[PDB]
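Trainee: Just so you know, the sequences run in chain order AQ and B2. Heads up: the first sequence begins at 1 in PDB author numbering, then just goes up one per residue. Heads up: the second sequence begins at 1 in PDB author numbering, then just goes up one per residue.
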Amino acid sequence: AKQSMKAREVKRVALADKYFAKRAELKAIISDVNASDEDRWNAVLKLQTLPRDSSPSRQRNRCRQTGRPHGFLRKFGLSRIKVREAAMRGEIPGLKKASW
Amino acid sequence: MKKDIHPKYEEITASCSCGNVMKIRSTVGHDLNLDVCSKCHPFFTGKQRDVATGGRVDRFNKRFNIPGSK
């Protein structure tokens, strides 16, 4: 509901995509078994501290536009209640129900 | 040696071994004192740089991995 939880969340998502995309084999180099006495060291954790403040692991793919805690749906940009409000009003393409 | 309530010559002096193996042993020794210790700690992260025994495939100096292979 608060603007501070929306403000944290919005900045994390544009910089998670900026910073981690170009640091996706760094993950392999410093954790996964891809190294075997090769690097495994401080010099690449010099770089993984950037995707940290803003990274997928702190971006719960939610509250980047709406002020509803949990039940978010990243595919609409919305949540439980606002998906239902927009269906009621026909503001979504193809929205019907299953009858089979 | 007593005779008025003890048998003469015993047959409870048998074998030159009495070594235990099919039962309990080394609980505080087995000839002379032992007492062991255990040190393990969570994983073998005891150093700033490890080797891997499940993956031994060579390090690429790349920046893309799953998104690198399209």
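Every residue, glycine too, gets a C-beta built ideally from N, C-alpha and C.
Would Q48 (chain AQ) and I30 (chain AQ) be called neighbours here (beta carbons separated by less than 9 Å)?
Mentor: Here residue 48 (chain AQ) refers to the residue found at position 48 when the first sequence is read from its first residue. Here residue 30 (chain AQ) refers to the residue found at position 30 when the first sequence is read from its first residue. Yes. Within cutoff.
Trainee: With which residues is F72 (chain AQ) paired in a DSSP beta bridge?
Mentor: Here residue 72 (chain AQ) refers to the residue found at position 72 of the first sequence. DSSP lists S79 (chain AQ) as partners of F72 (chain AQ).
Trainee: Please name the residues in the segment 53-68 of chain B2 whose beta-carbon is closer than 9 Å to at least one beta-carbon of chain AQ, in chain order.
Mentor: The residues in question are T53, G54, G55, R56, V57, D58, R59, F60, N61, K62, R63, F64, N65, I66, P67, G68.
Trainee: Can you tell me where the alpha helix (DSSP H) with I29 (chain AQ) in it begins and where it stops?
Mentor: The residue labelled residue 29 (chain AQ) in the question sits at position 29 within the first sequence. Where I29 (chain AQ) is concerned, the enclosing alpha helix (DSSP H) stretches over 26-30.
Trainee: Rounded to the nearest angstrom, what separates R8 (chain AQ) and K75 (chain AQ) at their Cα positions?
Mentor: Position 8 of the first sequence, counted from the first residue, corresponds to residue 8 (chain AQ). Position 75 of the first sequence, counted from the first residue, corresponds to residue 75 (chain AQ). Between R8 (chain AQ) and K75 (chain AQ), the C-alpha separation is close to 20 Å.
Trainee: Decide yes or no for the touch test of the segment 48-62 of chain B2 against the segment 37-57 of chain AQ: beta carbon pairs closer than 8 Å, at least 3 of them.
Mentor: With the cut-off at 8 Å, the segment 48-62 of chain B2 and the segment 37-57 of chain AQ touch.
Trainee: Determine, using beta-carbon pairs with one atom in the segment 13-33 of chain AQ and one in the segment 12-32 of chain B2, whether at least three such pairs fall under 8 Å.
Mentor: Verdict: no, contact absent.
Trainee: How would you call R84 (chain AQ), buried or exposed, if buried means at least 16 neighbouring beta carbons within 10 angstroms?
Mentor: Stepping through the first sequence from its first residue, residue 84 (chain AQ) is reached at position 84. The residue is exposed, with fewer than 16 neighbouring Cβ atoms inside 10 Å.
Trainee: So with CB distances below 9 Å, who are the chain C contacts of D17 (chain AQ)?
Mentor: Absence of chain C from the displayed structure is noted, the protein chains being AQ and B2.
Trainee: Count the other CB atoms, across all protein chains shown, that sit within 10 Å of the CB of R12 (chain AQ); report buried if there are 16 or more and exposed otherwise.
Mentor: To locate residue 12 (chain AQ), count along the first sequence from 1; it is residue 12. Counting Cβ neighbours within 10 Å, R12 (chain AQ) comes out buried, since at least 16 surround it.
Trainee: In terms of residue numbering, what span does the alpha helix (DSSP H) encompassing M5 (chain AQ) cover?
Mentor: In the first sequence, the residue the question calls residue 5 (chain AQ) occupies position 5. First-last of the alpha helix (DSSP H) with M5 (chain AQ): 3-21.
Trainee: Return the CA-CA distance between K46 (chain AQ) and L95 (chain AQ), expressed in angstroms with no decimal places.
Mentor: Taking the first sequence and counting its residues from 1, the one referred to as residue 46 (chain AQ) is at position 46. Taking the first sequence and counting its residues from 1, the one referred to as residue 95 (chain AQ) is at position 95. Going from the Cα of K46 (chain AQ) to the Cα of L95 (chain AQ) covers about 48 Å.
Trainee: Listed from N- to C-terminal order along the chain, which residues in the segment 31-51 of chain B2 have their beta-carbon within a distance smaller than 8 Å of any beta-carbon of chain AQ?
Mentor: Answer set for the segment 31-51 of chain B2: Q48, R49, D50, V51.
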